[PDB]
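Next comes protein_5.tsv, a file with TSV, C-alpha atoms and all ligand atoms.
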chain	number	residue	atom	x	y	z
A	1	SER	CA	-0.45	-14.43	33.17
A	2	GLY	CA	-0.60	-15.10	29.48
A	3	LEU	CA	0.65	-13.25	26.45
A	4	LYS	CA	-1.74	-11.98	23.83
A	5	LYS	CA	-1.27	-9.71	20.85
A	6	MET	CA	-3.51	-6.75	21.62
A	7	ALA	CA	-4.59	-3.57	20.07
A	8	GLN	CA	-4.57	-0.26	21.84
A	9	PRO	CA	-8.08	0.96	22.21
A	10	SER	CA	-9.51	2.37	19.09
A	11	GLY	CA	-12.10	4.99	20.24
A	12	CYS	CA	-10.05	8.16	19.56
A	13	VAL	CA	-9.25	6.89	16.04
A	14	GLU	CA	-12.73	5.60	15.08
A	15	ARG	CA	-14.08	9.12	14.89
A	16	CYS	CA	-11.42	10.16	12.41
A	17	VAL	CA	-12.37	7.88	9.60
A	18	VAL	CA	-14.36	9.08	6.56
A	19	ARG	CA	-15.62	7.77	3.24
A	20	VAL	CA	-13.87	9.24	0.17
A	21	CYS	CA	-15.35	8.66	-3.26
A	22	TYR	CA	-13.87	9.95	-6.53
A	23	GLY	CA	-15.92	8.94	-9.54
A	24	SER	CA	-16.95	5.39	-8.78
A	25	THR	CA	-13.80	4.63	-6.68
A	26	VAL	CA	-14.54	4.43	-2.95
A	27	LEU	CA	-12.04	4.12	-0.11
A	28	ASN	CA	-11.25	5.48	3.32
A	29	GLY	CA	-9.68	8.72	4.51
A	30	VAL	CA	-8.53	10.17	7.83
A	31	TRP	CA	-10.09	13.40	8.98
A	32	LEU	CA	-8.00	15.49	11.31
A	33	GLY	CA	-8.79	19.21	11.75
A	34	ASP	CA	-10.04	20.34	8.39
A	35	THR	CA	-7.87	17.95	6.38
A	36	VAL	CA	-8.75	14.49	5.06
A	37	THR	CA	-5.77	12.31	4.14
A	38	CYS	CA	-6.27	9.48	1.66
A	39	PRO	CA	-4.40	7.36	-0.84
A	40	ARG	CA	-3.86	9.21	-4.11
A	41	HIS	CA	-4.99	6.28	-6.19
A	42	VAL	CA	-8.54	7.18	-5.41
A	43	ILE	CA	-8.28	9.56	-8.53
A	44	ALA	CA	-6.87	6.88	-10.77
A	45	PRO	CA	-9.01	6.20	-13.83
A	46	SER	CA	-8.18	2.56	-13.39
A	47	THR	CA	-6.06	0.81	-10.68
A	48	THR	CA	-5.56	-2.34	-12.85
A	49	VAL	CA	-3.08	-0.67	-15.36
A	50	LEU	CA	-0.13	1.70	-14.85
A	51	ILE	CA	-1.21	5.07	-13.52
A	52	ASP	CA	-0.01	8.43	-14.75
A	53	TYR	CA	-0.48	10.33	-11.58
A	54	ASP	CA	0.57	13.82	-12.86
A	55	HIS	CA	-2.04	13.49	-15.63
A	56	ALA	CA	-4.67	12.12	-13.22
A	57	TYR	CA	-4.03	14.93	-10.74
A	58	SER	CA	-4.10	17.73	-13.36
A	59	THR	CA	-7.38	16.37	-14.94
A	60	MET	CA	-8.93	15.93	-11.49
A	61	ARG	CA	-11.98	18.02	-10.75
A	62	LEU	CA	-13.18	18.83	-7.28
A	63	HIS	CA	-16.77	18.18	-8.11
A	64	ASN	CA	-16.07	14.50	-8.67
A	65	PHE	CA	-15.12	14.09	-4.93
A	66	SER	CA	-17.76	13.05	-2.42
A	67	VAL	CA	-16.39	13.05	1.12
A	68	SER	CA	-18.72	11.96	4.00
A	69	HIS	CA	-18.46	11.14	7.81
A	70	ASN	CA	-21.08	8.64	8.81
A	71	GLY	CA	-23.47	9.70	5.91
A	72	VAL	CA	-23.06	13.41	6.56
A	73	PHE	CA	-21.72	15.33	3.74
A	74	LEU	CA	-18.38	17.09	3.95
A	75	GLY	CA	-17.54	19.78	1.42
A	76	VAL	CA	-14.34	19.74	-0.48
A	77	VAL	CA	-12.46	23.01	-0.74
A	78	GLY	CA	-9.04	21.91	-2.04
A	79	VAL	CA	-6.76	19.00	-2.83
A	80	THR	CA	-2.96	18.74	-2.76
A	81	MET	CA	-0.76	15.73	-3.61
A	82	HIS	CA	2.09	14.58	-1.32
A	83	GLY	CA	3.89	11.48	-2.46
A	84	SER	CA	1.25	8.71	-2.43
A	85	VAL	CA	-1.47	10.65	-0.55
A	86	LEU	CA	-3.98	13.44	-1.09
A	87	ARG	CA	-4.62	16.06	1.45
A	88	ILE	CA	-8.17	17.14	0.94
A	89	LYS	CA	-9.12	20.41	2.63
A	90	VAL	CA	-12.69	20.21	3.69
A	91	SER	CA	-15.17	22.86	4.94
A	92	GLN	CA	-15.82	21.35	8.35
A	93	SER	CA	-13.39	20.59	11.01
A	94	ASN	CA	-13.44	17.29	12.91
A	95	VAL	CA	-14.36	18.28	16.48
A	96	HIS	CA	-13.28	14.84	17.65
A	97	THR	CA	-9.75	15.33	16.36
A	98	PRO	CA	-7.51	13.81	19.02
A	99	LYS	CA	-4.26	15.19	20.20
A	100	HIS	CA	-1.85	13.72	17.59
A	101	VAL	CA	1.35	13.69	15.64
A	102	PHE	CA	2.61	12.00	12.56
A	103	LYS	CA	5.32	9.43	12.93
A	104	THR	CA	7.17	7.19	10.54
A	105	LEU	CA	7.68	3.52	11.60
A	106	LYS	CA	10.97	1.64	11.49
A	107	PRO	CA	11.16	-2.06	11.06
A	108	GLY	CA	10.46	-3.90	14.30
A	109	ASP	CA	8.02	-1.27	15.56
A	110	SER	CA	4.61	-2.55	16.71
A	111	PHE	CA	1.49	-0.57	15.90
A	112	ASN	CA	-2.28	-0.87	15.57
A	113	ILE	CA	-4.39	-1.22	12.43
A	114	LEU	CA	-8.00	0.01	12.38
A	115	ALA	CA	-9.34	-1.93	9.45
A	116	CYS	CA	-12.09	0.16	7.81
A	117	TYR	CA	-14.54	-0.12	4.90
A	118	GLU	CA	-16.36	2.81	3.27
A	119	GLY	CA	-15.55	5.15	6.13
A	120	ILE	CA	-16.52	2.71	8.90
A	121	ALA	CA	-14.27	0.68	11.30
A	122	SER	CA	-14.88	-3.05	11.30
A	123	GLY	CA	-11.74	-4.34	13.12
A	124	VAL	CA	-8.66	-3.52	15.14
A	125	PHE	CA	-5.44	-5.47	15.57
A	126	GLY	CA	-1.78	-5.16	16.49
A	127	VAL	CA	0.99	-5.79	13.96
A	128	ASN	CA	4.67	-5.21	13.44
A	129	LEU	CA	6.45	-3.56	10.55
A	130	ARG	CA	8.69	-6.22	9.15
A	131	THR	CA	12.33	-5.88	7.95
A	132	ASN	CA	11.07	-5.98	4.41
A	133	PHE	CA	8.80	-2.92	5.09
A	134	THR	CA	5.62	-4.97	4.70
A	135	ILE	CA	3.04	-6.18	7.29
A	136	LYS	CA	0.89	-9.26	7.48
A	137	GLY	CA	-2.61	-7.89	7.72
A	138	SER	CA	-6.04	-8.77	6.67
A	139	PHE	CA	-7.55	-6.45	4.03
A	140	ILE	CA	-9.90	-6.83	1.11
A	141	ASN	CA	-11.28	-4.47	-1.47
A	142	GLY	CA	-12.27	-1.31	0.33
A	143	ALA	CA	-9.53	-1.37	2.98
A	144	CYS	CA	-7.37	1.27	1.37
A	145	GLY	CA	-6.98	4.30	3.55
A	146	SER	CA	-7.35	2.20	6.76
A	147	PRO	CA	-5.11	3.92	9.34
A	148	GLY	CA	-2.34	2.54	11.50
A	149	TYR	CA	-1.60	4.21	14.86
A	150	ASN	CA	0.04	4.10	18.28
A	151	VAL	CA	-1.16	5.74	21.49
A	152	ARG	CA	1.51	7.29	23.63
A	153	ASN	CA	1.29	7.24	27.48
A	154	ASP	CA	-0.04	10.75	27.55
A	155	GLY	CA	-2.90	10.04	25.10
A	156	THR	CA	-1.17	11.43	22.00
A	157	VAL	CA	-2.11	9.49	18.86
A	158	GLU	CA	0.74	8.79	16.48
A	159	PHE	CA	-0.64	8.35	13.01
A	160	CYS	CA	1.84	6.19	11.19
A	161	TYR	CA	0.25	4.16	8.43
A	162	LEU	CA	-2.22	4.35	5.68
A	163	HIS	CA	-3.16	1.26	3.84
A	164	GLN	CA	-2.40	1.14	0.06
A	165	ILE	CA	-0.98	-2.06	-1.40
A	166	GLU	CA	-1.37	-5.81	-1.46
A	167	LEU	CA	1.77	-7.36	-2.99
A	168	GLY	CA	1.38	-10.46	-5.29
A	169	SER	CA	2.65	-12.50	-2.30
A	170	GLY	CA	-0.39	-11.27	-0.17
A	171	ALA	CA	1.74	-9.14	2.14
A	172	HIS	CA	0.68	-5.54	2.74
A	173	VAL	CA	2.18	-2.08	2.37
A	174	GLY	CA	1.21	1.37	3.34
A	175	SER	CA	2.43	4.91	3.43
A	176	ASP	CA	2.99	7.25	6.22
A	177	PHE	CA	0.93	10.46	6.51
A	178	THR	CA	3.53	12.42	4.54
A	179	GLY	CA	2.98	10.16	1.58
A	180	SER	CA	6.27	8.17	1.75
A	181	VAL	CA	5.47	4.56	0.92
A	182	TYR	CA	7.20	2.23	3.38
A	183	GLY	CA	10.20	0.55	1.86
A	184	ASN	CA	9.88	2.82	-1.18
A	185	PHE	CA	7.47	0.39	-2.85
A	186	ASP	CA	5.57	2.05	-5.63
A	187	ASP	CA	1.86	2.75	-5.56
A	188	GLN	CA	1.28	1.01	-8.86
A	189	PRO	CA	-0.48	-2.25	-9.65
A	190	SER	CA	2.75	-3.73	-10.97
A	191	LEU	CA	4.51	-6.83	-9.62
A	192	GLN	CA	6.94	-5.86	-6.87
A	193	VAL	CA	8.81	-8.47	-4.84
A	194	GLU	CA	9.64	-7.73	-1.18
A	195	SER	CA	12.97	-8.96	0.32
A	196	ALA	CA	12.68	-12.10	2.43
A	197	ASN	CA	11.29	-11.49	5.88
A	198	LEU	CA	13.80	-11.65	8.73
A	199	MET	CA	12.54	-12.94	12.08
A	200	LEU	CA	12.82	-10.22	14.69
A	201	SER	CA	15.39	-11.55	17.09
A	202	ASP	CA	14.75	-8.96	19.75
A	203	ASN	CA	11.09	-10.03	19.84
A	204	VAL	CA	11.92	-13.72	20.01
A	205	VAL	CA	14.17	-13.05	23.02
A	206	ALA	CA	11.22	-11.20	24.66
A	207	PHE	CA	8.95	-14.13	23.85
A	208	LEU	CA	11.28	-16.57	25.54
A	209	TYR	CA	11.49	-14.40	28.62
A	210	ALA	CA	7.67	-14.39	28.67
A	211	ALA	CA	7.68	-18.15	28.48
A	212	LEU	CA	10.05	-18.41	31.47
A	213	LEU	CA	7.89	-16.14	33.51
A	214	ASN	CA	4.80	-18.23	32.63
A	215	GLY	CA	6.52	-21.41	33.82
A	216	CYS	CA	7.37	-22.83	30.36
A	217	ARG	CA	11.04	-23.87	30.55
A	218	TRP	CA	11.57	-27.27	28.82
A	219	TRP	CA	13.30	-25.72	25.78
A	220	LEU	CA	16.02	-24.10	27.84
A	221	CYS	CA	19.43	-25.42	26.75
A	222	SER	CA	22.44	-25.09	28.94
A	223	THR	CA	24.37	-23.25	26.30
A	224	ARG	CA	25.41	-19.67	25.76
A	225	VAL	CA	26.15	-17.61	22.67
A	226	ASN	CA	27.26	-13.96	22.66
A	227	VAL	CA	25.75	-11.18	20.52
A	228	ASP	CA	28.49	-11.23	17.85
A	229	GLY	CA	28.26	-14.96	17.36
A	230	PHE	CA	24.46	-14.89	17.33
A	231	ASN	CA	24.40	-12.01	14.79
A	232	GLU	CA	26.69	-13.95	12.44
A	233	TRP	CA	24.44	-17.04	12.73
A	234	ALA	CA	21.33	-14.77	12.17
A	235	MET	CA	22.53	-13.58	8.70
A	236	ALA	CA	22.77	-17.18	7.66
A	237	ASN	CA	19.38	-18.25	9.01
A	238	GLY	CA	16.88	-15.43	8.37
A	239	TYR	CA	17.01	-13.56	11.70
A	240	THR	CA	17.93	-10.01	12.39
A	241	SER	CA	20.64	-9.01	14.72
A	242	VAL	CA	19.93	-8.63	18.40
A	243	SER	CA	20.17	-5.22	20.14
A	244	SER	CA	21.85	-4.41	23.43
A	245	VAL	CA	21.77	-7.20	26.01
A	246	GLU	CA	20.99	-4.53	28.68
A	247	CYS	CA	17.61	-3.70	27.31
A	248	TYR	CA	16.59	-7.04	28.82
A	249	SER	CA	18.03	-6.42	32.36
A	250	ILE	CA	14.76	-6.45	34.23
A	251	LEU	CA	13.74	-9.75	32.65
A	252	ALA	CA	17.24	-11.29	33.11
A	253	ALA	CA	17.03	-10.38	36.80
A	254	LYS	CA	13.49	-11.73	37.24
A	255	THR	CA	14.14	-15.05	35.56
A	256	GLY	CA	17.82	-15.63	36.35
A	257	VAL	CA	18.48	-16.35	32.63
A	258	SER	CA	20.89	-14.33	30.60
A	259	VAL	CA	20.22	-13.12	27.05
A	260	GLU	CA	23.14	-15.17	25.82
A	261	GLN	CA	21.45	-18.36	27.00
A	262	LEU	CA	18.29	-17.29	25.12
A	263	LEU	CA	20.32	-16.57	22.02
A	264	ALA	CA	21.59	-20.18	22.07
A	265	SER	CA	18.17	-21.53	22.66
A	266	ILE	CA	16.91	-19.68	19.60
A	267	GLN	CA	19.74	-21.41	17.60
A	268	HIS	CA	18.60	-24.82	18.88
A	269	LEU	CA	14.87	-24.13	18.61
A	270	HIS	CA	15.21	-22.87	15.07
A	271	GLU	CA	15.48	-26.70	14.24
A	272	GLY	CA	11.88	-27.21	15.43
A	273	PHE	CA	10.00	-27.85	18.64
A	274	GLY	CA	9.76	-31.67	18.25
A	275	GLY	CA	5.92	-31.63	18.56
A	276	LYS	CA	6.01	-29.61	21.82
A	277	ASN	CA	4.83	-26.03	22.44
A	278	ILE	CA	5.89	-22.76	24.04
A	279	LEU	CA	2.92	-20.75	25.36
A	280	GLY	CA	0.92	-22.73	22.87
A	281	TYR	CA	3.05	-21.76	19.84
A	282	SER	CA	4.43	-24.67	17.76
A	283	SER	CA	7.47	-22.66	16.40
A	284	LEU	CA	9.34	-19.55	17.58
A	285	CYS	CA	7.28	-16.40	17.83
A	286	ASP	CA	8.49	-12.94	16.89
A	287	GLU	CA	5.08	-11.17	17.32
A	288	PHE	CA	5.86	-9.58	20.70
A	289	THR	CA	8.25	-6.83	21.48
A	290	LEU	CA	10.10	-6.46	24.75
A	291	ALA	CA	7.92	-3.40	25.64
A	292	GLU	CA	4.78	-5.51	25.10
A	293	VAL	CA	6.12	-8.38	27.18
A	294	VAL	CA	7.04	-6.06	30.05
A	295	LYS	CA	3.71	-4.25	29.92
A	296	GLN	CA	1.82	-7.57	29.89
A	297	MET	CA	3.81	-9.13	32.87
A	298	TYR	CA	4.42	-6.05	35.03
A	299	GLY	CA	3.25	-2.71	33.48
A	300	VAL	CA	1.04	-1.51	36.45
B	1	LIG	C1	-7.06	-0.41	-2.24
B	1	LIG	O1	-6.86	0.38	-3.48
B	1	LIG	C2	-8.53	-0.40	-1.93
B	1	LIG	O2	-9.00	-0.95	-0.93
B	1	LIG	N1	-9.26	0.23	-2.90
B	1	LIG	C3	-10.74	0.35	-2.94
B	1	LIG	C4	-11.30	-0.67	-3.75
B	1	LIG	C5	-10.52	-1.53	-4.55
B	1	LIG	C6	-11.10	-2.52	-5.38
B	1	LIG	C7	-12.49	-2.59	-5.44
B	1	LIG	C8	-13.29	-1.73	-4.68
B	1	LIG	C9	-12.70	-0.77	-3.84
B	1	LIG	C10	-6.57	-1.82	-2.55
B	1	LIG	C11	-6.44	-2.75	-1.31
B	1	LIG	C12	-6.06	-4.20	-1.66
B	1	LIG	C13	-7.19	-4.90	-2.46
B	1	LIG	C14	-7.15	-6.33	-1.96
B	1	LIG	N2	-6.48	-6.22	-0.61
B	1	LIG	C15	-5.91	-5.02	-0.45
B	1	LIG	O3	-5.19	-4.73	0.52
B	1	LIG	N3	-5.24	-1.60	-3.17
B	1	LIG	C16	-5.03	-2.04	-4.45
B	1	LIG	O4	-5.87	-2.61	-5.15
B	1	LIG	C17	-3.72	-1.71	-4.99
B	1	LIG	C18	-3.88	-0.38	-5.75
B	1	LIG	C19	-2.52	0.15	-6.25
B	1	LIG	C20	-2.80	1.26	-7.32
B	1	LIG	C21	-1.69	0.76	-5.14
B	1	LIG	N4	-3.29	-2.75	-5.92
B	1	LIG	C22	-2.10	-3.32	-5.72
B	1	LIG	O5	-1.37	-3.13	-4.68
B	1	LIG	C23	-1.87	-4.33	-6.85
B	1	LIG	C24	-0.63	-5.14	-6.87
B	1	LIG	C25	-0.34	-6.07	-7.86
B	1	LIG	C26	-0.88	-6.00	-9.16
B	1	LIG	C27	-0.46	-6.97	-10.08
B	1	LIG	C28	0.46	-7.98	-9.74
B	1	LIG	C29	1.01	-8.04	-8.47
B	1	LIG	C30	0.61	-7.08	-7.55

Step by step, read the file and then write its structure as structure tokens.
Amino acid sequence: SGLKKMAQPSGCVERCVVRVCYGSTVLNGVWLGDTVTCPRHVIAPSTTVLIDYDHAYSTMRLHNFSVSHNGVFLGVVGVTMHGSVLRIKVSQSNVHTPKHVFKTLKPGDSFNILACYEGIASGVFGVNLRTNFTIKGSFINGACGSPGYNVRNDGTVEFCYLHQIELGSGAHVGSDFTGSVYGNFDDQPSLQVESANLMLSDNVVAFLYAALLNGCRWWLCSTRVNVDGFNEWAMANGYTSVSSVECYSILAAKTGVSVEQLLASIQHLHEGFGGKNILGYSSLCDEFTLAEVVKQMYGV
């Protein structure tokens, strides 16, 4: 029992994080093989005014880099620029490099953030990429370069995020490991305004299934709405569309409650809980994916 937003264990990733200094700017990088990936704004002469990156890159000198792993120096051999990241070739290889790939997130995907400062991990937490290509994180000065990841069943680490931006709203943006900034935000300290966040319908359906399976059923209306009607309502009320009903077949069978009944309940519960709670939450929750709910109720 219970449902809790968790991180996948962080050990394999903790050994990949390094301190990258250029001039007096310090942030984090990710050390895999003999390459350190970091946000390209580390070579900006200032990050408080518009940055001419071509100029900053062509004026850059290697000797201004200082890359270190836990206080141990790491020599810089070369630097290339790829979208919003640098790939810094270094003279030592990371012998703790895990089996890994690079992967780009899509909205609705869960992943893990290892929040780091000056090459050191301080925190780990699960988050979702929102429809507006932001996340809601917790980062202060120094967090840039913190990696996001997922761990596949076989132990393969998918590196999928690199922290870069805090929007004027406080929401957070990164790039992937190719240097594409999520949502095509720009890696500039200019005002950029994200689209309005859409509640992830698929996750809210999962959440309600989790509530049924934990004995919380008071909110259940005896109403049904189909996917097409729900999707139309969702446009008007800040929700995404819902995917295939069949994705939920194991949970529909275990609870006896169809998706369509959950879709109606979301419509009704959107009006508020009336001072009551579901699994302790005072409004609908779109934090958990179906995969997370299944893993936390059954996944062994
Ligand atoms: C990131 O550069 C970082 O951690 N840098 C190291 C560092 C910065 C400052 C002092 C010491 C060390 C930060 C991370 C931000 C900072 C606060 N919380 C975070 O997540 N990233 C930035 O400062 C961004 C740099 C850009 C060049 C990409 N700044 C912005 O995203 C600014 C946005 C903005 C400016 C003006 C009006 C609205 C929005």

Surroundings of ligand LIG 1 (chain B) up to 6 Å, based on all atoms listed in the file, as a list in words
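The distance check yields residues 26, 27, 41, 47, 139, 140, 141, 142, 143, 144, 164, 165, 166, 167, 168, 187, 188, 189, 190 and 191 of chain A.
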
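The coordinates place CA of residue 239 (chain A) at 23.0 Å from CA of residue 216 (chain A).
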
Which one is closest to residue 180 (chain A): A:226, A:156, A:138, A:104? Count all atoms listed in the file.
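Among A:226, A:156, A:138, A:104, it is A:104 that comes nearest to residue 180 (chain A).
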
Taking (-0.5, 10.4, -0.4) in the file's coordinates, which residues come within 7 Å, counting only C-alpha atoms, written as a PyMOL selection string?
chain A and resi 38-40+81-86+178-179

Rounded to one decimal, what separation in Å do you get between CA of residue 127 (chain A) and CA of residue 268 (chain A)?
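According to the coordinates, CA of residue 127 (chain A) and CA of residue 268 (chain A) are separated by 26.4 Å.
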
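The space separating CA of residue 91 (chain A) from CA of residue 18 (chain A) comes to 13.9 Å.
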
When you look at region 269-277 of chain A with a cut-off of 10 Å (counting only C-alpha atoms), what residues show up, excluding the ones that are within fewer than 2 positions of it in the same chain? I need them as a PDB file with C-alpha atoms, keeping the file's coordinate frame.
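File part-v6.pdb, as written:
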ATOM      1  CA  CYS A 216       7.370 -22.830  30.360  1.00  0.00           C
ATOM      2  CA  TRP A 218      11.570 -27.270  28.820  1.00  0.00           C
ATOM      3  CA  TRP A 219      13.300 -25.720  25.780  1.00  0.00           C
ATOM      4  CA  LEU A 220      16.020 -24.100  27.840  1.00  0.00           C
ATOM      5  CA  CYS A 221      19.430 -25.420  26.750  1.00  0.00           C
ATOM      6  CA  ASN A 237      19.380 -18.250   9.010  1.00  0.00           C
ATOM      7  CA  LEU A 263      20.320 -16.570  22.020  1.00  0.00           C
ATOM      8  CA  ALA A 264      21.590 -20.180  22.070  1.00  0.00           C
ATOM      9  CA  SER A 265      18.170 -21.530  22.660  1.00  0.00           C
ATOM     10  CA  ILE A 266      16.910 -19.680  19.600  1.00  0.00           C
ATOM     11  CA  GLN A 267      19.740 -21.410  17.600  1.00  0.00           C
ATOM     12  CA  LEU A 279       2.920 -20.750  25.360  1.00  0.00           C
ATOM     13  CA  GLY A 280       0.920 -22.730  22.870  1.00  0.00           C
ATOM     14  CA  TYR A 281       3.050 -21.760  19.840  1.00  0.00           C
ATOM     15  CA  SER A 282       4.430 -24.670  17.760  1.00  0.00           C
ATOM     16  CA  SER A 283       7.470 -22.660  16.400  1.00  0.00           C
ATOM     17  CA  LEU A 284       9.340 -19.550  17.580  1.00  0.00           C
TER      18      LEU A 284
END

Can you sort out the box for region 153-164 of chain A, edges along x, y and z, all listed atoms in, 6 Å on every side, with centre and edge lengths in Å to one decimal, as JSON?
{"center_x": -0.7, "center_y": 6.3, "center_z": 13.8, "size_x": 17.0, "size_y": 22.3, "size_z": 39.5}

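Counting all atoms listed in the file and comparing A:44, A:253, A:199, A:76, the residue that lies closest to residue 63 (chain A) is A:76.
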
Quick one: of A:243, A:184, A:112, A:35, who's nearest to residue 77 (chain A), counting all atoms listed in the file?
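Closest to residue 77 (chain A) of all the choices is A:35.
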
Determine, counting all atoms listed in the file, which protein, DNA and RNA residues have an atom within 7 Å of an atom of residue 225 (chain A); residues of the same chain fewer than 2 positions away are not included. Present the result as a list in words.
residues 223, 227, 229, 230, 260, 261, 263 and 264 of chain A

Give the answer as one residue: which of A:196, A:17, A:262, A:173 has the shortest atom-to-atom distance to residue 29 (chain A), using all atoms listed in the file?
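Closest to residue 29 (chain A) of all the choices is A:17.
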
Just need region 155-169 of chain A in a file, please: N, CA and C atoms, as a JSON list (two decimals), in the first residue's frame.
[["chain", "number", "residue", "atom", "x", "y", "z"],
["A", 155, "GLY", "N", 19.34, -2.21, -16.41],
["A", 155, "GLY", "CA", 20.45, -1.44, -15.80],
["A", 155, "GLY", "C", 21.04, -0.34, -16.67],
["A", 156, "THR", "N", 20.55, -0.21, -17.90],
["A", 156, "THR", "CA", 20.96, 0.83, -18.81],
["A", 156, "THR", "C", 20.45, 2.20, -18.35],
["A", 157, "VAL", "N", 21.37, 3.15, -18.20],
["A", 157, "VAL", "CA", 21.00, 4.51, -17.83],
["A", 157, "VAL", "C", 20.67, 5.32, -19.06],
["A", 158, "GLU", "N", 19.48, 5.93, -19.09],
["A", 158, "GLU", "CA", 19.13, 6.83, -20.15],
["A", 158, "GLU", "C", 19.34, 8.25, -19.66],
["A", 159, "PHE", "N", 20.37, 8.90, -20.17],
["A", 159, "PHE", "CA", 20.61, 10.28, -19.88],
["A", 159, "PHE", "C", 19.73, 11.16, -20.76],
["A", 160, "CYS", "N", 18.91, 11.98, -20.13],
["A", 160, "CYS", "CA", 17.85, 12.65, -20.86],
["A", 160, "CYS", "C", 17.62, 14.12, -20.55],
["A", 161, "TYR", "N", 18.42, 14.67, -19.65],
["A", 161, "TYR", "CA", 18.19, 16.04, -19.24],
["A", 161, "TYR", "C", 19.45, 16.62, -18.67],
["A", 162, "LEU", "N", 19.59, 17.89, -18.90],
["A", 162, "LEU", "CA", 20.67, 18.65, -18.36],
["A", 162, "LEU", "C", 20.15, 19.99, -17.99],
["A", 163, "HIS", "N", 20.25, 20.32, -16.73],
["A", 163, "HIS", "CA", 19.62, 21.54, -16.28],
["A", 163, "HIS", "C", 20.26, 22.86, -16.74],
["A", 164, "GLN", "N", 19.41, 23.78, -17.22],
["A", 164, "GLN", "CA", 19.90, 25.06, -17.85],
["A", 164, "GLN", "C", 19.23, 26.34, -17.46],
["A", 165, "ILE", "N", 17.89, 26.32, -17.36],
["A", 165, "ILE", "CA", 17.08, 27.51, -17.31],
["A", 165, "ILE", "C", 16.06, 27.56, -16.21],
["A", 166, "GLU", "N", 15.92, 28.71, -15.57],
["A", 166, "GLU", "CA", 14.77, 28.98, -14.70],
["A", 166, "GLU", "C", 14.00, 30.14, -15.34],
["A", 167, "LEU", "N", 12.80, 29.84, -15.87],
["A", 167, "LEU", "CA", 11.92, 30.81, -16.46],
["A", 167, "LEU", "C", 11.48, 31.85, -15.44],
["A", 168, "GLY", "N", 11.06, 33.04, -15.90],
["A", 168, "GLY", "CA", 10.60, 34.11, -14.91],
["A", 168, "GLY", "C", 9.42, 33.62, -14.02],
["A", 169, "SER", "N", 8.62, 32.68, -14.52],
["A", 169, "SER", "CA", 7.61, 32.03, -13.70],
["A", 169, "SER", "C", 8.17, 31.12, -12.59]]
